[PDB]
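*Asks:*
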Amino acid sequence: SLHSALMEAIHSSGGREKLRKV
Amino acid sequence: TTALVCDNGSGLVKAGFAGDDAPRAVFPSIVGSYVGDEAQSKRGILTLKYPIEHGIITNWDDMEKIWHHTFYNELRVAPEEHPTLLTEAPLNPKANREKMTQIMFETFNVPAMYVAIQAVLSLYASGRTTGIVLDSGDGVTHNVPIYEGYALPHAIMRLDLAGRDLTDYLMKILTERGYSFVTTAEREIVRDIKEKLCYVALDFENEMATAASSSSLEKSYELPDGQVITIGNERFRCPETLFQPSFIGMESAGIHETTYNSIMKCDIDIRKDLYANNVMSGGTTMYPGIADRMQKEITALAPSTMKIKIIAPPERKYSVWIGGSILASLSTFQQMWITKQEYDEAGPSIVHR
Ligand SMILES: Nc1ncnc2c1ncn2[C@@H]1O[C@H](COP(=O)(O)OP(=O)(O)OP(=O)(O)O)[C@@H](O)[C@H]1O
Ligand SMILES: [Ca+2]
Ligand SMILES: [Ca+2]
């Protein structure tokens, strides 16, 4: 299920650390 | 073809590009016609309106001027080339969400769009999918318990007491101290004082006693004309309003109680996870010492054996936008966008999935 996959992505996304610095 | 993220608040608009760690454009959610800072400076010959009240869009023609100012004047991007993710307040009426979708597709011609609940984005920003968010900005404060990305509708709490209310209160107690702030220019200054010298006291009564006997808690703020504004208990009496709304004549319980009442309106089986995942979001949660105070207030209200945890990221002034940046740039989310073909064929109600 993509919803379970979406929940998984947010947990393993890494948060703001994986975003490009401005 | 990079997604855009627009987080529309009662007082501030946060806009940017999905993938960035912070919004590039931040400006006042005001329409004078002039939008944002331009309207704030030229206020004498113009009447200012806030198209978003207590997080709800209540003026669509002015809201359209704000989105136009966001896309072309501030971000200088073509809306027709970018999927656009917008944010909404919890319990936002269905009619509002449809109007939002119609304007994005018919006026700005976006290729794709999405509408996410602000508090949910804040939870994501902190790497969580379950927890309870305390979202407090300029116009409204909400308690939002969330179960795996779903906001529990019956447990959501709305409190019309936020930054602007604390600014008004600061202006009043500063005048009662000897200073006088009445003009709007004096309001922008008091707002700056609030954000620079205010803090939440761990023990309000003891802090009051400490302030009245010594000057160790006093801080100074100098105006351009040379006047030095020195304040003591006004530093913590202003944000104290969050925990004692009666300071400004409101009968509602403080943010610590609305958090508890919200957790108590959820299934007993989810309260444990909520207690351990209190995420603080919004500019009005930036006061130094607010996290420790919540920890103390919630501990006094929850079962003695309950593990309490308050998460207050240093970037919580933009947690909503950050959560959206993360959401809209994830690959698992690309099939969740509402496309132009869906809208062109089914219309604005398609936003309800
Ligand atoms: N360091 C600070 N201390 C106290 N308050 C602050 C600080 N920084 C910003 N604020 C306040 O936060 C408010 C803006 O925060 P935010 O952008 O989250 O609200 P908003 O989204 O515009 O409004 P709402 O969410 O209520 O619709 C303003 O009232 C501002 O004065
Ligand atoms: Ca907000
Ligand atoms: Ca149960």
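For the protein sequence lines, the chains are B and A, in the order given.
At position 4 of the first sequence (counting the first as 1) the number is 69 in the authors' numbering, and the numbers step up by one without a gap.
In case it helps, the authors' numbering puts the second sequence at residues 5 to 36, 52 to 372.
We treat Cβ as the ideally placed atom computed from N, Cα and C, and that holds for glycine.
Decide yes or no for the touch test of the region 248-258 of chain A against the region 337-354 of chain A: beta carbon pairs closer than 8 Å, at least 3 of them.
*Replies:* Contact between the region 248-258 of chain A and the region 337-354 of chain A is absent, because fewer than three Cβ pairs lie under 8 Å.
*Asks:* Would a C-beta distance cut-off of 8 Å place A:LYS113 and A:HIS275 closer than the cut-off?
*Replies:* Working through the second sequence from its first residue, we reach residue 113 of chain A at position 94. Working through the second sequence from its first residue, we reach residue 275 of chain A at position 256. No, they are not a contact pair.
*Asks:* Could you tell me which of A:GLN121, A:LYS61, A:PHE223, A:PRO258 sits nearest to A:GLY182, measuring between CA atoms?
*Replies:* Here residue 182 of chain A corresponds to residue number 163 of the second sequence, with the count starting at 1. Closest by alpha carbon: A:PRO258.
*Asks:* In whole angstroms, what separates the C-alpha of A:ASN115 from that of A:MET227?
*Replies:* Mapped onto the second sequence, residue 115 of chain A falls at position 96. Mapped onto the second sequence, residue 227 of chain A falls at position 208. A:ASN115 and A:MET227: Cα-Cα distance of roughly 44 Å.
*Asks:* So that I know if they touch, is there some Cβ in chain A lying closer than 8 Å to that of B:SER78?
*Replies:* In the first sequence, residue 78 of chain B corresponds to position 13, counting from 1. So yes, B:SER78 belongs to the interface.
*Asks:* Give, in chain order, every residue of the region 352-366 of chain A whose Cβ lies closer than 9 Å to some Cβ of chain B.
*Replies:* Listed by position, the residues of the region 352-366 of chain A near chain B (Cβ gap below 9 Å) are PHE352, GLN354, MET355.
*Asks:* With distances taken from each beta carbon to the nearest heavy atom of ligand 5, which residues come in below 7 Å, in chain order?
*Replies:* Questions concerning ligand 5 fall outside what the structure shown contains, since the ligands it does hold are ligand 1, ligand 2 and ligand 3.
*Asks:* Below 7 Å CB to CB, which residues in the same chain sit around A:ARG335 once its five sequence neighbours on both sides are set aside?
*Replies:* Position 316 of the second sequence, counted from the first residue, corresponds to residue 335 of chain A. Cβ within range, chain order: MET299, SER300, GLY301, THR304, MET305.
*Asks:* Could you name the residues of chain B that A:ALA144 contacts, counting a contact when the two beta carbons are closer than 9 Å?
*Replies:* Walking along the second sequence from the start, residue 144 of chain A turns up at place 125. Going along chain B in sequence order, the residues near A:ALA144 (Cβ under 9 Å) are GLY80, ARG81.
*Asks:* How far does the beta strand (DSSP E) with A:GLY150 in it extend, from its first residue to its last?
*Replies:* The residue you call residue 150 of chain A lines up with position 131 of the second sequence. Note, A:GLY150: beta strand (DSSP E), 150-155.
*Asks:* Is it right to say B:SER66 is buried, meaning 16 or more other beta carbons lie within 10 angstroms of its own, or is it exposed?
*Replies:* Position 1 of the first sequence holds residue 66 of chain B. It is exposed - the Cβ of B:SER66 has fewer than 16 other Cβ atoms within 10 Å.
*Asks:* Could you give the first and the last residue of the continuous alpha helix (DSSP H) run that contains A:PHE124?
*Replies:* In the second sequence, residue 124 of chain A corresponds to position 105, counting from 1. Note, A:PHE124: alpha helix (DSSP H), 113-125.
*Asks:* Going along chain B in order, which residues have a C-beta closer than 7 Å to the C-beta of A:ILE136?
*Replies:* Translated into positions along the second sequence, residue 136 of chain A becomes position 117. Simply none; closest approach about 14 Å.
*Asks:* Which ranges would you report for the alpha helix (DSSP H) in the region 309-360 of chain A if only whole runs of at least 4 residues count?
*Replies:* Runs found: 309-320, 338-348.
*Asks:* Whole-angstrom Cβ separation of A:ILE85 and A:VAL35, contact assumed at under 8 Å?
*Replies:* Here residue 85 of chain A refers to the residue found at position 66 when the second sequence is read from its first residue. Here residue 35 of chain A refers to the residue found at position 31 when the second sequence is read from its first residue. About 7 Å separates the two Cβ atoms, so the contact holds.
*Asks:* Determine which residues of the region 163-180 of chain A have a Cβ less than 9 Å from any Cβ of chain B, and write them out in chain order.
*Replies:* Cβ contacts with chain B come from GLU167, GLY168.
*Asks:* Which residues in chain B have a C-beta closer than 7 Å to the C-beta of A:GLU334? List them in chain order.
*Replies:* For this step, residue 334 of chain A is matched to residue 315 along the second sequence. The answer, in chain order, is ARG81.
*Asks:* Measuring from the CB of A:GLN137, is there a heavy atom of ligand 2 at a distance below 7 Å?
*Replies:* Along the second sequence, read from residue 1 onward, the residue named residue 137 of chain A stands at position 118. At least one heavy atom of ligand 2 is nearer than 7 Å to the Cβ of A:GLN137, so yes.
*Asks:* For A:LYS359 versus A:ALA135, is the C-beta spacing smaller than 8 Å?
*Replies:* If you number the second sequence from 1, residue 359 of chain A lands on position 340. If you number the second sequence from 1, residue 135 of chain A lands on position 116. Against a cut-off of 8 Å, the Cβ pair of A:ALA135 and A:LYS359 comes out as no contact.
*Asks:* Go ahead and pull the three-state DSSP assignment for A:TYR143.
*Replies:* Taking the second sequence and counting its residues from 1, the one referred to as residue 143 of chain A is at position 124. Helix, per DSSP.
*Asks:* Using a Cβ distance threshold of 8 Å, determine whether the region 162-178 of chain A contacts the region 273-288 of chain A, with at least three qualifying pairs required.
*Replies:* The answer is yes - the region 273-288 of chain A touches the region 162-178 of chain A, with three or more Cβ pairs under 8 Å.
*Asks:* Please list, in chain order, all residues with a C-beta atom less than 5 Å from at least one heavy atom of ligand 2.
*Replies:* In chain order, the hits are A:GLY13, A:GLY156.
*Asks:* Using a Cβ-based criterion (distance less than 7 Å to any ligand heavy atom), does A:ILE122 qualify as near ligand 1?
*Replies:* Along the second sequence, read from residue 1 onward, the residue named residue 122 of chain A stands at position 103. No, ligand 1 has no heavy atom inside 7 Å of this Cβ.
*Asks:* In terms of alpha-carbon separation, which member of A:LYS328, A:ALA321, A:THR194, A:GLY158 lies closest to A:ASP184?
*Replies:* One-based indexing of the second sequence puts residue 184 of chain A at position 165. Ranking the options by Cα distance to A:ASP184, first place goes to A:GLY158.
*Asks:* Can you give me the C-alpha to C-alpha distance between A:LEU320 and A:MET313, rounded to a whole angstrom?
*Replies:* In the second sequence, residue 320 of chain A corresponds to position 301, counting from 1. In the second sequence, residue 313 of chain A corresponds to position 294, counting from 1. Answer to the nearest angstrom: the Cα atoms are 11 Å apart.
*Asks:* Considering Cα atoms alone, identify which of A:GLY74, A:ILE64, A:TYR69 is closest to A:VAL339.
*Replies:* As a working mapping, residue 339 of chain A is identified with position 320 in the second sequence. Nearest C-alpha to A:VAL339: A:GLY74.
*Asks:* Can you find a C-beta in chain B that's less than 8 Å from the C-beta of A:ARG196?
*Replies:* For this step, residue 196 of chain A is matched to residue 177 along the second sequence. So no, A:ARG196 is outside the interface.
*Asks:* For a test of your reading of the model: does the CB of A:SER33 fall under 7 Å from any non-hydrogen atom of ligand 1? Yes or no.
*Replies:* Here residue 33 of chain A corresponds to residue number 29 of the second sequence, with the count starting at 1. Yes, the Cβ of A:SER33 comes within 7 Å of a heavy atom of ligand 1.
*Asks:* Say yes only if the C-beta of A:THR203 is nearer than 7 Å to one or more non-hydrogen atoms of ligand 1, and no if none qualify.
*Replies:* Here residue 203 of chain A is taken as the residue at index 184 of the second sequence, counted from 1. No, the Cβ of A:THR203 stays beyond 7 Å of every heavy atom of ligand 1.
*Asks:* What are the start and end residues of the alpha helix (DSSP H) that includes A:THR203?
*Replies:* Numbered from its first residue, the second sequence carries residue 203 of chain A at position 184. Element bounds for A:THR203: 203-216.
*Asks:* For ligand 1, is there a heavy atom less than 7 Å away from the beta-carbon of A:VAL219?
*Replies:* Within the second sequence, the letter at position 200 stands for residue 219 of chain A. No, since every heavy atom of ligand 1 falls outside the 7 Å radius drawn around the Cβ of A:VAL219.
*Asks:* Could you pull out every residue in the same chain whose Cβ sits closer than 7 Å to the Cβ of A:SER52, ignoring the five residues on either side in sequence?
*Replies:* What you label residue 52 of chain A is simply residue 33 of the second sequence in a count that begins at 1. Once the five neighbours on either side are set aside, the close Cβ partners of A:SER52 are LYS84.
*Asks:* With a threshold of 16 other CB atoms inside 10 Å of the CB of A:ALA365, please say whether the residue is buried or exposed.
*Replies:* Translated into the one-based positions of the second sequence, residue 365 of chain A becomes position 346. Under this definition A:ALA365 is an exposed residue.
*Asks:* Under 8 Å between C-beta atoms, does A:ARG28 make it to chain B?
*Replies:* Along the second sequence, one-based indexing puts residue 28 of chain A at 24. True, the Cβ-Cβ gap to chain B drops below 8 Å.
*Asks:* Figure out for me which residue from A:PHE124, A:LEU67, A:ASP56, A:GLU100 has the closest Cα to the Cα of A:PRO367.
*Replies:* Locating residue 367 of chain A in the second sequence gives position 348, counting from the first residue. Looking at the Cα atoms, A:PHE124 is the closest of the given residues.
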